[PDB]
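Asks: coordinates for the following, if possible.
(2 chains)
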Amino acid sequence: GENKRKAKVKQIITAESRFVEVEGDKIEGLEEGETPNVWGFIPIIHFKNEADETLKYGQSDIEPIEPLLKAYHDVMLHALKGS
Amino acid sequence: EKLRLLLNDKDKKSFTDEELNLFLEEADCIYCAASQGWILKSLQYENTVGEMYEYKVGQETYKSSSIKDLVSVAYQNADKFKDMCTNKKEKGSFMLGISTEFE
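Replies: Numbering: from 1, shown residues only, chains lettered A, B, ... in the order given. Structure data below:
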């Protein structure tokens, strides 16, 4: 209709079950509390770009290049200002 | 007191005080006003020491400094006071920065 709805939802996803709770307005499709997992493994796949044995998470390809982007941007802006 | 200091800078007791206050109004810096006073005092030499610089009468001779020398000295004093005022106000050279907006 017209009403505004706010909700700060967080939910734990575990292999045997997932525990979901919401703080705020009701979300109809989500059943609060814990619900059993139909299988004994977590159905969420973590895709990890440039994964390393010393890293918990993956790495974006921009990350090695971004200081060069900073340098290029600074030089270009200085050139444009001077021109 | 500005009046006394001007009567000392510009030499004393040939003007009267109201035009000295006027000269102070002409410029806040006392030395500029004293310089202007020095020109307008150099003008007055035509009366105080006329064009007749030297004369011998009887057994006395007196050789006054000619009007050109006195007026030249007065203009020299005026130039010194002007230079001193410019020294007081003038600041040196210095570098700055340029700013320009861009996207």
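Asks: contact partners of the longest helix along chain B?
Replies: Ordering each helix of chain B by length in residues (DSSP state H) puts helix B:67-89 first. Residues lying outside helix B:67-89 but in contact with it, judged by CB atoms under 8 Å, 6 or more residues apart in numbering or on different chains, are B:9, B:27, B:29, B:31-32, B:34-36, B:38-39, B:41-42, B:45-46, B:49-51, B:53. In this view, the C-beta of every residue, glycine as well, is placed from N, C-alpha and C.
Asks: quick one: residue B:40 and residue B:33, what's the gap?
Replies: Separation of residue B:40 from residue B:33 (CB to CB, to the nearest Å): 11 Å.
Asks: who has more neighbours, these two?
Replies: For the pair residue B:40 and residue B:33, the greater number of neighbours falls to residue B:33 (24 against 16), based on other CB atoms under 10 Å in any protein chain shown.
Asks: that one against residue B:21, yeah?
Replies: No - using CB atoms under 8 Å, residue B:33 and residue B:21 do not qualify as a contacting pair, with a distance of 9.6 Å.
Asks: which ones are touching the residue positioned nearest the centre of chain B?
Replies: Residue closest to the mean C-alpha point of chain B, counted by CA atoms, centre = their mean, is residue B:35 at 2.4 Å. Listed by CB under 8 Å, 6+ apart, the contact partners of residue B:35 are B:77, B:78, B:79, B:81, B:82, B:85.
Asks: just give the nearest non-adjacent residue to it, would you?
Replies: residue B:81 (3.8 Å; CB to CB, 6 or more residues apart in numbering or on different chains).
Asks: now for the one helix or strand residue A:10 maps to, which elements pack on it?
Replies: Using DSSP states H and E, residue A:10 falls within strand A:7-13. Contacting strand A:7-13 under the criterion 3 or more CB pairs under 8 Å, 6 or more residues apart in numbering or on different chains; DSSP states H and E are the following elements: strand A:17-24.
Asks: next, count neighbours for the residue of chain A found nearest chain B.
Replies: With CB to the nearest CB as the measure, the residue in chain A that lies nearest chain B is residue A:81; the distance is 5.2 Å. The burial count assigned to residue A:81 is 12, neighbours taken as other CB under 10 Å.
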